[PDB]
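Visitor:
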Amino acid sequence: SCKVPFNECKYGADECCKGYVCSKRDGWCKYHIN
């Protein structure tokens, strides 16, 4: 019930796959830590 990290991401949206973080600047799902 989630989308790939390569795609976009909504600030706060937990829809993304657990384990990844959502960049506030880039506005996408990534693995790197903020």
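Counting in PDB author numbering, the sequence shown runs from 1 upward without gaps. From the three backbone atoms N, C-alpha and C, an ideal C-beta is built for every residue, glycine too.
Assuming residue 21 contacts residue 34 (C-beta within less than 8 Å), just tell me the rounded distance between them.
Guide: The residue given as residue 21 occupies position 21 in the sequence shown. The residue given as residue 34 occupies position 34 in the sequence shown. Right, the Cβ-Cβ distance comes to about 6 Å (below 8 Å), so this counts as a contact.
Visitor: By DSSP, does residue 30 sit in helix, in strand, or in coil?
Guide: If you number the sequence shown from 1, residue 30 lands on position 30. Note: residue 30 maps to strand in three-state DSSP.
Visitor: Alpha carbon to alpha carbon, how far is residue 4 from residue 30? Give it in angstroms, no decimals.
Guide: Walking along the sequence shown from the start, residue 30 turns up at place 30. Walking along the sequence shown from the start, residue 4 turns up at place 4. Using only the alpha carbons, I get a separation of about 10 Å.
Visitor: In the structure shown, what three-state DSSP assignment does residue 22 receive?
Guide: Walking along the sequence shown from the start, residue 22 turns up at place 22. If DSSP states are grouped into helix, strand and coil, residue 22 belongs with the strands.
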